[PDB]
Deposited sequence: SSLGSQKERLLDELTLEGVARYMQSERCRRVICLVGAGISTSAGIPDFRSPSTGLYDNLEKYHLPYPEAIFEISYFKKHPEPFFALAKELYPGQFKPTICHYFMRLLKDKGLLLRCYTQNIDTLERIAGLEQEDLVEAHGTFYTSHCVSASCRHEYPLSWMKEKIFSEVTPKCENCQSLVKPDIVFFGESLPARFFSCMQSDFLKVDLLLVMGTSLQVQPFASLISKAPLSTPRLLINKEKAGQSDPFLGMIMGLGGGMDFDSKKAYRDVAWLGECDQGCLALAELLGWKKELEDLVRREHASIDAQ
C-alpha cells in the first residue's frame, strides 16, 4: 500500500493535487543552475597554477585560511555574467505561490533561489551563499552585500573590512567546515511535516546534505528530477526506484528544466509557469 497510485510523474502529479499532499520539501543542487549558465563548481573545468597541493584545496577551509587569494582569483574567473534563474527555480516559486512549499534546501551558493522569489524563511542554504559576506574578525562581523563583494573580486584586491581591515569572506561553507546550525534545526522540524520530497539537480554525493533523503517519513514519496539516477544504496557498502519492493520513489531522467516543465504541465500550471518565467527573464534582461 502506498500514497502514489503509480510510480510515475503522472502519479506524483495526481498525488500533489490530492488532499493528502500539503507540504513539499525541495532538495536542489548544481543541476538546477547549469542551464542558467552556471556550471557546477565541482566540475573539472574550473580546475585550470597557484602552487595548490591538490585540486580540492581551492575549496577546502584549511587552505583558504592564511591562503585566500587563489579562491578570490577563481571567484573572478567563474563569476557569472548574469544572474537569471531557471525554469526550475521559478517552479519552486510557483510551489510557494500555491501554498505547497514547506522548504527548499539548496546546495547552491549562486543566490538564484532568492532572485526567483524564495524568501529567507523558505530557504535553507546548506552550503551558505554569496548573497551576504562577513568580516572574519570575531569582534566585528560587519556584513556586506554581493554588490560590494563583486566589486572587490573584480578589482583583484582581497576584500578587506572597512571598519577593521580584516578579510571579508562570502557566507559560503567550505569543504571541511560545519554546516550552519540552521540546517540541522530546520531539518529536525521540517521532516516531521513533509508530504513530498522533490529532489532536483543533485547527485547526492556531498555530505551531510545527501543524507537528507533518509530523513523523510517512510510513506513520503520522493521524486528525483535529474540527468542521471542518484541516491540509490551503494552495493559496495536509499532510493528504490526499480525493484519489486519499490513503492514511493520516482526518477524522471533529463534536464531539470524539462522535468519541471513536464510536471507543471500535468498540474495544469504550464501557462502560469511560462508567463512567470518570461516576465522575470524579461525583467532581468532589462536591468
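Absence of C-alpha coordinates is noted for several segments of the deposited sequence, namely 1-7, 56-60, 250-257.
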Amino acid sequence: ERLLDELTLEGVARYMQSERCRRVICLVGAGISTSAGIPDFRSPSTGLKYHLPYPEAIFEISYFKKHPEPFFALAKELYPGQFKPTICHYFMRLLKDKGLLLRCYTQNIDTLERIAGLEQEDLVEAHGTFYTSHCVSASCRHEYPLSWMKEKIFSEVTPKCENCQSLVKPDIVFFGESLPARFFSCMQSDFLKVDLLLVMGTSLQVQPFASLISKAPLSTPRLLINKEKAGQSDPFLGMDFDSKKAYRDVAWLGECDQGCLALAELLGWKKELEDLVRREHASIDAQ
From here on, numbers count along this sequence of modelled residues.
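Relative to one another, 51-59 and 240-248 have unequal mean CA B-factors, and 51-59 is the one with the higher figure.
Averaged over CA atoms, B-factors in the entry run higher in 211-219 than in the other of 123-131 and 211-219. Looking at 86, 111, 202, 155, the one whose CA carries the top B-factor in the deposited record is 155. When the C-alpha B-factors of 190, 171, 177, 162 are ranked from the entry, the top spot goes to 162.
In this PDB entry, the Cα temperature factor of residue 36 sits in the top third of its chain's modelled residues, the highest group. Ranked by Cα temperature factor within the chain, residue 257 sits in the lowest third according to the deposited record. Annotation for residue 92: C-alpha temperature factor in the middle third relative to the rest of the modelled chain, per the entry. Residue-level temperature factors show residue 280 in the lowest third of its chain, judged at the C-alpha atom. Ranked by Cα temperature factor within the chain, residue 196 sits in the lowest third according to the deposited record.
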